[PDB]
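In: To kick things off, part of the complex as it is:
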Amino acid sequence: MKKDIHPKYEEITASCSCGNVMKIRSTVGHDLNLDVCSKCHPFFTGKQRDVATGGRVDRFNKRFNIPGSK
Amino acid sequence: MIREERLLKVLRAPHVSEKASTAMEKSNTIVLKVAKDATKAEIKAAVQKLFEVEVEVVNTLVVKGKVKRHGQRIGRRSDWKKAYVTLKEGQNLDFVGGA
Amino acid sequence: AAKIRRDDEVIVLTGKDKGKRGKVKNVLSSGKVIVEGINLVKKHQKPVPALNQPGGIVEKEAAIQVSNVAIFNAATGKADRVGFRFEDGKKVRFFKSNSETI
Amino acid sequence: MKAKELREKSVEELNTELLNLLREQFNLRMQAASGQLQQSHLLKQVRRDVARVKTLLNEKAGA
Amino acid sequence: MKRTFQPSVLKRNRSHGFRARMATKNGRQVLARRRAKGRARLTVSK
C-alpha cells in the first residue's frame, strides 16, 4: 500500500528494554510523495523513500510497473 | 378484453350476509369474498367478464380472521378478505340468485 | 402388489376362530384381511339421535393380517412366496406350489 | 378428460376455454347450488385436467 | 425502574433482527444450530 513494488508490511513485534516486554516496535508510520515519472507529470508517486532507494537499475518500468500493469 | 390477467385465481363464492336484505334498497350493495393477490386493481376488472354483470364502485377489506381447530389453542388464519360491490339499480337477481 | 388375485377363498388358523372359511375379503392399503367378516358380538355406535341409531353388533372390522393359509382349495396353506410365469402380459395371477396357476 | 385424452388439439385452453372451465368455482361451488346428492367437491377428483396445461404450454412453446 | 418484558418491532435493528442474525457471523452459527441443523423453526417474522 506504500512500497507496493514490494507489496505490504505491518508486522507486530517488540523492543525488549526489560525482559520480553510488549512495547511494539514494528508499526511504520512515515510517508512521502512526488517524482518526475515516465511521461511528463511530476506525479503523486508515493514512497518512504524505500521504492526510490530501490530505483538504481530501473528504466522507469521493470520494477515500477509491477502495480502499474495488474 | 384482457384474458391473461390475475382474475382466474382472485374471486371466491359470494358472501350471502343479512346486508343483501337490509342494505340493498334502490341499488344493490351486495357482499363477496376474494383471495390473497386481491389488490383492488384485480377485483375491479373481474365481475364484468366472469359473471356477466357490471358494477360502479368496489370496496376492499383486510379481515384478519383468527381460527382454532387443534383442541389445544391453535390453528390457521387464511387470506380471508371480504369485498363489497354495486350490481347497479334495477337488475337485482332477475335470472339466478348466488346466495 | 400381492400376485394372488382377489376372488379367492381363505380361513382363519392363526387365532381362536380356527376353521372359519370365506372368499374375496375386503382389500385396501394396510387392510387387516377380515376373511368374510367372521366376527361374533362387538358393539356399534350411537351418536345420531334421530330414528336410525345403528342397531348392529357383528361383522365390523375384525383382524387377522396378510394371509396365513395360501388359497385354500382342499386343505393346505403353502407355498405363499412362489411367483410363477407369464399369464397376462403386464401382470401375473397365482395359485400355489403344485397347481401352476388359477 | 384428464387432459391426456385431448392432446391432438391445434391450440391450448388460454384461447378462452380457461374461463368456461373455471367459472363454476365462483358461480356454483357455494352451499348446495352445484348439488346435494350427486356432486360435492369436483376440482381434483375429476376436474384436475385444467391445471396440467400450465407446464405443457411452456413444454410445447420450446419443442 | 420501568421493568421490562415488552413487545415492539422498531427496536430489533441493533439486537433482535433476523437479516442481522445472518449479516453478523456471530448470529449465523446460532441460526443454523437453532433451525437448519437444529431440526426446528422460528416463524415469528412479523
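Out: Received, thanks. Residues are numbered from 1 along each chain as shown, chains lettered A, B, ... in the order given.
In: ok now do residue 13, which residues does it touch?
Out: You didn't say which chain, so I picked chain A. Residues counted as contacts of residue A:13 (CB atoms under 8 Å, 6 or more residues apart in numbering or on different chains) are A:24, A:25, A:26. Bear in mind the C-beta positions are built from the backbone N, C-alpha and C, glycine included.
In: sorry, should have said chain E
Out: Contacts of residue E:13 (CB under 8 Å, 6+ apart): residue E:20.
In: Just the strands from chain B, written as ranges.
Out: B:11-14, B:29-34, B:59-61, B:82-86 (DSSP state E).
In: Out of those, the one nearest residue C:94 is which?
Out: Residue C:94 sits nearest to strand B:11-14 of all these, at 51.9 Å, using CB to CB.
In: Now that closest one - C-alpha only, PDB.
Out: The C-alpha trace of strand B:11-14 is given here as PDB (Å, rounded to 0.1, in the frame of the first residue of the first chain):
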ATOM      1  CA  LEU B  11     -62.500 -14.500  -6.800                       C
ATOM      2  CA  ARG B  12     -64.200 -16.800  -4.200                       C
ATOM      3  CA  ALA B  13     -68.000 -17.500  -3.700                       C
ATOM      4  CA  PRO B  14     -70.500 -14.500  -2.900                       C
END
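In: RNA strand F follows; place it on the structure:
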RNA sequence: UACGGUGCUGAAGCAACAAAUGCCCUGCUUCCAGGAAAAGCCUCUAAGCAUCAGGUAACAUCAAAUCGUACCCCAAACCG
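Out: Alright, RNA strand F goes in next:
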C-alpha cells in the same frame, strides 16, 4: 309485531342575557437563550422551440396503485 321496532301520519319553530378550555391574531405587542432545510404561494429568465409547441378556462370523463380500519388506555389480554 319477530316486542328490536317499522308501518301509516304529524306540532311547534322567537328573541335576549352572560362566560371558554375555542375561532380571528404567521394580526399586534413585549423580552432575548438568539425560534433548522428542500417545497407548495407568487414570478424572472438560460438553452431550445419558434405558420410549431406550452399554460389556463368553460364543461365532458377515466385513472383514483399492495395497508390499515376489530377489541384497549392520563391505561387487567402492555407491564407489573
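In: Skipping adjacent residues, who's closest to residue B:14 in space?
Out: For residue B:14, ignoring the flanking residues on the chain, the nearest one in space by CB to CB, 6 or more residues apart in numbering or on different chains is residue B:98 at 4.4 Å.
In: burial measure for that neighbour, as a count.
Out: 17 (other CB atoms under 10 Å in any protein chain shown).
In: how far away is the residue of chain B most remote from its centre from chain D?
Out: Distance from the C-alpha centroid of chain B peaks at residue B:72, with 32.4 Å (CA atoms, centre = their mean). Note on residue B:72: its distance to chain D, by CB to the nearest CB, to the nearest Å, is 28 Å.
In: any idea how far that residue is from RNA strand F?
Out: 17 Å (CB to the nearest atom of the strand, to the nearest Å).
In: Make sure the residue nearest to residue B:14 is actually in contact with residue D:27.
Out: Yes. Contact criterion CB atoms under 8 Å: residue B:98 and residue D:27 qualify, at 6.9 Å.
In: all helices in chain A, in order from the N-terminus.
Out: Here chain A has its helices, by DSSP state H, at A:50-53, A:66-69.
In: Buried deepest among these, which one?
Out: Mean neighbour count (mean count of other CB atoms under 10 Å in any protein chain shown) peaks for helix A:50-53 among the helices of chain A, with a mean of 15.
In: next one is RNA strand G, place it on the structure:
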RNA sequence: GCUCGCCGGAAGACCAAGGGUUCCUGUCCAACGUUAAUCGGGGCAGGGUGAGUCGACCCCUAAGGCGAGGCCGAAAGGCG
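Out: So that you can see how it sits with the rest, here is RNA strand G on the chains above:
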C-alpha cells in the same frame, strides 16, 4: 320496581405501543373466577371492523445511515 352508590382529571371518545380479531349475541364449564358462579377479553357456534379524501409512498431533511473515485489498509475495518 324500589331507596341509594363507585370511578368525578370517568374503567366518557378514536386510535397510534402489535400484542393482534377471545367485543354484540346464539349459548357454556375446564384448559378456569382461592365464595355463589347466571358472570370474568374466560370460550365456544356465527360472522366481522365498508376509507380516491384518515394518515406514511411522493417532490421532501436538521441530526444521523451509507457512498462513486480515494487518504488508507496485516486479514479486519475507519472516515467521506
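In: since we added RNA strand G, can you redo the contacts of residue A:13?
Out: With CB under 8 Å, 6+ apart, residue A:13 has these contacts: A:24, A:25, A:26.
In: cool, and residue E:14?
Out: residue E:20.
In: Please apply the same query to residue B:24.
Out: Counting by CB under 8 Å, 6+ apart, residue B:24 touches B:30, B:92.
In: Just give me the neighbour total for residue B:71.
Out: Residue B:71 has 7 nearby residues by other CB under 10 Å.
In: where's it relative to residue E:41, distance?
Out: Using CB to CB, to the nearest Å, we find residue B:71 at a distance of 20 Å from residue E:41.
In: got it, and residue B:47?
Out: Distance from residue B:47 to residue E:41, by CB to CB: 40 Å.
In: do residue D:37 as well
Out: Going from residue D:37 to residue E:41 by CB to CB gives 44 Å.
In: Let's verify the closest residue to residue C:14 other than its chain neighbours: helix, strand, or coil?
Out: Counting by CB to CB, 6+ apart, residue C:14 lies nearest to residue C:68, which is 4.3 Å off, once chain neighbours are set aside. Using DSSP: H, G, I helix; E, B strand; the rest coil, the structure places residue C:68 in coil.
In: And residue C:56, by the same measure?
Out: coil.
In: what about it, how many residues close to it?
Out: Neighbour tally, residue C:56, other CB under 10 Å: 11.
In: Around RNA strand G, which positions in chain E sit nearby?
Out: Within chain E, the positions near RNA strand G by CB under 7 Å from any atom of the strand are E:7, E:8, E:9, E:10, E:11, E:46.
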